[PDB]
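**Q** so I've got this experimental structure, pasted below with the sequence.
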Amino acid sequence: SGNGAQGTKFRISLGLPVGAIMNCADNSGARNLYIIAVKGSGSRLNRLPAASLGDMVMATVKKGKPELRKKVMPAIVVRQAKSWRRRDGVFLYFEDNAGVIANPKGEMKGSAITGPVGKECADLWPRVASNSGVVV
Amino acid sequence: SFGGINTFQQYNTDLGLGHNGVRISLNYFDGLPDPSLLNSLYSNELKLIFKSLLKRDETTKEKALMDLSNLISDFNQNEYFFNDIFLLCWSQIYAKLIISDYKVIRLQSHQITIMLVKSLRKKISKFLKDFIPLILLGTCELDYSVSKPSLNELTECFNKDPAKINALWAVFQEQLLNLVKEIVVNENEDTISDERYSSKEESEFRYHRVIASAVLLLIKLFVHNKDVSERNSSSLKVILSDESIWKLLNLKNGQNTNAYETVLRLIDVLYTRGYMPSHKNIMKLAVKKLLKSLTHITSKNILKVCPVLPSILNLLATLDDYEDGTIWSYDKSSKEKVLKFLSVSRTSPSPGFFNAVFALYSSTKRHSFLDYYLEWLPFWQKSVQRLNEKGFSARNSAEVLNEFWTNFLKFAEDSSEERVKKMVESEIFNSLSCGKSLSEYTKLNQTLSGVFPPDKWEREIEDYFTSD
Amino acid sequence: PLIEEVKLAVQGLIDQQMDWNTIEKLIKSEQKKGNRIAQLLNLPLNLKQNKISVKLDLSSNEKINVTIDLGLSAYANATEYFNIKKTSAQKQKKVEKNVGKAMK
Amino acid sequence: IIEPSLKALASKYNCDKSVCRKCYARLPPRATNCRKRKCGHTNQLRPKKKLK
Amino acid sequence: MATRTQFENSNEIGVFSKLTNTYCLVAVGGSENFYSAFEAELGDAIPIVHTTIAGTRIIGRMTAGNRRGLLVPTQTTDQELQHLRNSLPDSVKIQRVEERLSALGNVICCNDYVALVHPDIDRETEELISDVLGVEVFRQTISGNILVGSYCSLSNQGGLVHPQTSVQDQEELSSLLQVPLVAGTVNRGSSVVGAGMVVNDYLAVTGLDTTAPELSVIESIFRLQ
RNA sequence: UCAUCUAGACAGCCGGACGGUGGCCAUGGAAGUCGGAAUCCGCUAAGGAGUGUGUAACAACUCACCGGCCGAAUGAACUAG
RNA sequence: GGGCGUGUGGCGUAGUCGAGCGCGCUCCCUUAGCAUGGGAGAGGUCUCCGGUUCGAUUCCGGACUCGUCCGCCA
Ligand SMILES: [Mg+2]
Ligand SMILES: [Zn+2]
């Protein structure tokens, strides 16, 4: 995350390392996002920088519209599909990995989100919560 | 702590609103408190409050006002703090604050001054001349939220005596006029608001809101003081002559017609007083601008400008009476403007519009402004047709139709011609017959009590039953 | 002396930590209201290099525009203009020494 | 602005010092040698750089 | 007034607050300036409730409010529901909604008289809105934007809609809602106007980066003067 | 190696630190103090045709010189263990 | 990476400290074609920026750019 964080986030189990391809949930014309970096990740020998729900990543559009391909852009993870624990102790997970496109300040490139988003992401990014249909 | 000298000000020797040796002015650039006086303040706390008020950001200004208010609220402990020096400085800053874009700043400033007057009563006498006009300007501000609380507080300050409030208008009337002059003549949109931080618009919007308040104040001053015209004629002339008051009469652009309405009231009040008749140039300038306004109303803005239209026509009727329709004579194309205005206005009817139209006709008929048959009737007929088609779809339609009938019926009476009589009957029948549910709205039926002899209406009912 | 009065006025406005554009607007308003000290000034102010410019009558109706440093006295600015005069003369003498051998 | 006398009193402790050219030590204004061992008590001193 | 406010830096006030004529709701994790704006402008006549909806600071997008009633999602806990029942006046009705879309502020754009909803809501939820809020309902999209609550700001006097909206859609929605509508932007050009600001009959609260022409458009369309 | 020294030295306080003369050139000015040369008398206990700050030029302040207090060694440059 | 040199008009290219020609084409005239030729055109921040000079392409310093040459291990 980093700059555009609205508050802090509890540790969510990391599910999306570098090289992961997730679905592109918004209506910006991109089909999938390919994660090349995680904002705020630490440094360890041989350890891959991994992303969780609500994290801001750097991503490229591998499949989609040609004006979105072949460049790096920030993205926000909204669906994780690797099970994580909340402080009320429910273990929950979606069925796919999904993110949306944003600028470095966090406002969405698109306008609407298809499918659910996590509340740990909706609380942390208000534009995602603004364009989100259902928040769970 | 505070450094620098206002050397330029010393040469000028104009105190603007102030009468206590400190210039008090609305413009951002000047009238700022002198550095030396600021140092003289009794406590450090007060000085910091003043620096914050000077800073541009609103959150900072508001926080300082909140602090000042708290200090005033605890008056007994802090009475030493508020001295003549504080009052002189406050007076200079208060003027700038009341013109502030943010309502909270405006409201708090007004509340604070009133508290000072209540707490320091009889010691603010020297400063009453500076403070009172500004307080009143706030009580006559278009926004209800700023004005109503301010007035209530003022009344409370004077122990709920109506006489005292009225007295204030009388006692400081010369000063109140000076404030109006300063806003209208001395100031310009640029002077009031900084160009760097504002657009060409907004700066205009702000000036207009402030000037509207000045006009409202002027109207109030005139009503309160009977002899104001005679005593302050020279000052009144300069304020009236300037086009700034008149520039407000533009309906092409602008958020509200409330400001425009205020100007109309002023013209009417001046006519009632006879100042407008007395001074021809002011009257002509006002009249020409009013005529121009008629052109401004257009199909695109008809919905927005509809409430103000009954008022515009009523003023015109009163003006026409002066000088035997002299007002139309001033402009060569005035008749054309009126005709155009009527055509645009008829399409959308607002409550009271028809009465105004009839009033205009009544004033004009003696001098034959509009041809009764060639010109006026077409206007009337088209109007009823329009009314019926969108009928009674809207709410108050019942009232609007009722009005048309009462007015048209009067117009028809002064005809003595068959076509007019024929039109009346045919239109009436059409209006009732296509109708909507005229009978069903009892009020509508009551208001539209009748249009013809009783027996004939019965014969028509007879035909409906007799019909195939 | 009147230049020193204008300098003291502008420096007093500067020492209030007032914004430069608001100072220029204050100069324009006082010129409109007929203050002599304001009307002696030219409005594109070089406060970034601590320099003002002032109108002086050529005959004791034509006016000349002269730049005055705020950090030096008026007499010291006059000595700087004299110094720029004196440096120009030496270059002219160097040109006169140049002319014969150059044109040959 | 502080006050002229109070600016003088604060600048007596903050600005009216000398700086050793070798080890950057803040020194008395009338000093002749640095008081530090690491520069070898050198006499290469300069005035502390003022504003204005 | 359109009052300049931030939620700890956030210029979106409709996300973190829900303002009606009768009550106000604000998030629990708020700054002193953010609370002081609603406390000064609203006064003591109108209750301000510090609330959490479904464990989230976002409350404006989670709930849809009216002077007659308040709608909350299924995930709202019993402690939050009881706290809202105690803090709110007896006039308003609070009822949980069991519906898949579950973010009622995004789904529903509503005022005192007439409401716009997401087209794909369930019929039981539509009847629940019509019962609790006492409000007639239309299923419509604003130029293809299904999130009418996020992309419209609505009051009794007027409405602000999305800037990239077809004009034909503007008179259609204006005739359907019986209020005048203006296409405009908030928060230095942000498209999400309903998330950008909250409004009622006499107050509008917006972000600090909302510019002066935008604020003038707000006060003009909502008649706050 | 030079100088000063109970006929009062070096630090520290306090007082004076003057006239011919605004010496001669040169500059729009420069009067001790932008520079070029000379650099002398008077009164002296003592005071430079000036050590700096210093002003457009002045004015003003301080110096190196002499004096009251102090009463005895001290200052500069250099050399090497 | 370093060394060594280099840089002129729209293109090519000449210059001792006192920017010129050709070409392209700007125009006009010329002509039985298998269409030429004549006369007048414009054109540079001399790679750039400083300094010396009285003036530097012309001298010099820096930077830029291009071309060359030489370079790692087992
Ligand atoms: Mg490795
Ligand atoms: Zn040292």
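**A** Yep, it's here. Residues are numbered from 1 along each chain as shown, chains lettered A, B, ... in the order given. Ligands and ions are numbered 1, 2, ... in the order given.
**Q** in which helix or strand would I find residue E:45?
**A** In the assignment (DSSP states H and E), residue E:45 maps to no helix and no strand.
**Q** what sits against residue 84?
**A** Because you didn't say which chain, this covers chain A. When contacts are counted by CB atoms under 8 Å, 6 or more residues apart in numbering or on different chains, residue A:84 touches A:12-13, A:15, A:52-53, A:91-93. C-betas here are computed from N, CA, C, even on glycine.
**Q** ah, no, chain B please
**A** Contacts for residue B:84 (CB under 8 Å, 6+ apart) come out as B:126-127.
**Q** run the last query once more with 10 Å
**A** Neighbouring residues of residue B:84 by CB atoms under 10 Å, 6 or more residues apart in numbering or on different chains: B:20, B:37, B:40, B:123-124, B:126-127.
**Q** for residue C:81, state which of those is nearest.
**A** Nearest to residue C:81, judged by CB to CB, of these is residue B:37 at 39.7 Å.
**Q** what lies in contact with the strand or helix carrying the closest one?
**A** Using DSSP H and E, residue B:37 sits within helix B:35-39. By CB under 10 Å, 6+ apart, the residues outside helix B:35-39 that reach it are B:1-6, B:22, B:32, B:46-47, B:50-51, B:54, B:84-86, B:88-89, B:92, C:12, C:15-17, D:1.
**Q** picking that back up, of the contacts of residue B:84, buried ones?
**A** Neighbour-count burial (16 or more other CB atoms under 10 Å in any protein chain shown) applied to the contacts of residue B:84 gives B:37, B:40, B:124, B:127.
**Q** and those residues near ligand 2, which?
**A** Among the buried ones among the contacts of residue B:84, not one lies near ligand 2 by CB under 5 Å from the ion.
**Q** between those, which is closest to chain C?
**A** Using CB to the nearest CB, residue B:37 comes nearest to chain C of the buried ones among the contacts of residue B:84, at 12.5 Å.
**Q** picking up where we left off before, which of the residues in the helix holding residue B:37 are classified as buried?
**A** Under the neighbour-count criterion of 16+ other CB under 10 Å, helix B:35-39 has B:35, B:37-38 buried.
**Q** repeat for stretch A:113-125
**A** The neighbour-count check on stretch A:113-125 (16+ other CB under 10 Å) flags A:113, A:116-125 as buried.
**Q** just to revisit the earlier point, can you redo the buried residues of helix B:35-39 as JSON lines with distance to residue E:206?
**A** Below are these laid out as JSON lines (distance: CB to CB, whole Å):
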{"residue": "B:35", "distance to residue E:206": "37"}
{"residue": "B:37", "distance to residue E:206": "38"}
{"residue": "B:38", "distance to residue E:206": "34"}
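**Q** follow-up on the earlier one: give me the buried positions along the helix or strand following the helix holding residue B:37.
**A** Counting by DSSP H and E, the next helix or strand C-terminal to helix B:35-39 is helix B:44-54. For helix B:44-54, the neighbour count (16+ other CB under 10 Å) marks B:46-47, B:49-50, B:52-54 as buried.
**Q** ok, stretch E:152-162 next?
**A** Buried residues in stretch E:152-162 (16+ other CB under 10 Å): E:152-162.
**Q** and the two most separated of those residues?
**A** Largest separation among those by CB to CB: E:156 and E:162, giving 20.1 Å.
**Q** so residue B:205 touches residue E:217, yeah?
**A** No - between residue B:205 and residue E:217 there is no contact under CB atoms under 10 Å: 11.4 Å.
**Q** shared neighbours, those two?
**A** residue B:255.
**Q** count residues in the vicinity of residue B:350, would you?
**A** Counted with other CB atoms under 10 Å in any protein chain shown, the neighbours of residue B:350 add up to 18.
**Q** can you tell me the closest non-neighbouring residue to it?
**A** Computed as CB to CB, 6 or more residues apart in numbering or on different chains, the closest residue to residue B:350 that is not its neighbour in sequence is residue B:306, at 4.3 Å.
**Q** how about the helix holding residue B:37 as PDB, C-alpha atoms only?
**A** The C-alpha trace of helix B:35-39 is given here as PDB (Å, rounded to 0.1, in the frame of the first residue of the first chain):
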ATOM      1  CA  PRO B  35       1.500  46.200  13.400                       C
ATOM      2  CA  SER B  36       2.200  48.600  16.300                       C
ATOM      3  CA  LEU B  37      -1.400  48.300  17.700                       C
ATOM      4  CA  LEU B  38      -1.200  44.600  17.500                       C
ATOM      5  CA  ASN B  39       1.800  44.500  19.800                       C
END
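**Q** of all of chain A, which residue lies closest to RNA strand F?
**A** Scanning chain A for the residue nearest RNA strand F gives residue A:3, at 51.4 Å (criterion: CB to the nearest atom of the strand).
**Q** in stretch B:276-292, which residues are buried?
**A** Those would be B:276-277, B:279, B:282-283, B:285-292, for stretch B:276-292 by 16+ other CB under 10 Å.
**Q** residue contacts, residue 129?
**A** The chain I'm using is chain A. Taking CB under 10 Å, 6+ apart, we find residue A:129 in contact with A:6, A:113, A:117, A:119, A:121-123, A:135, E:12, E:15-16, E:56-58, E:60-62, E:103, E:105-106, E:150, E:195.
**Q** wait, chain B was what I had in mind.
**A** Per CB under 10 Å, 6+ apart, neighbours of residue B:129: B:17-20, B:91, B:171-172, B:174-175.
**Q** then residue B:373?
**A** B:415, B:417, B:419-420.
**Q** cool, residue B:271 as well?
**A** B:277, B:283, B:286, B:315, B:318-319, B:321-322.
**Q** can you check residue B:369 too?
**A** With CB under 10 Å, 6+ apart, residue B:369 has these contacts: B:320, B:325, B:328, B:334-335, B:338, B:360-361, B:363, B:375-376.
**Q** touching stretch C:80-95 from outside, list them.
**A** Here stretch C:80-95 has contacts from C:66-69, C:72, C:102, using CB under 10 Å, 6+ apart.
**Q** now residue B:155. Nearest residue, chain neighbours left out?
**A** Leaving aside its sequence neighbours, residue B:155 sits nearest to residue B:165 (CB to CB, 6+ apart; 6.1 Å).
**Q** may I have the beta-bridge partners of the closest residue to residue D:27 other than its chain neighbours?
**A** The shortest distance from residue D:27 to any non-neighbouring residue, by CB to CB, 6+ apart, is to residue D:18 (4.4 Å). Residue D:18 forms beta bridges with residue D:27, residue D:47, as assigned by DSSP bridges.
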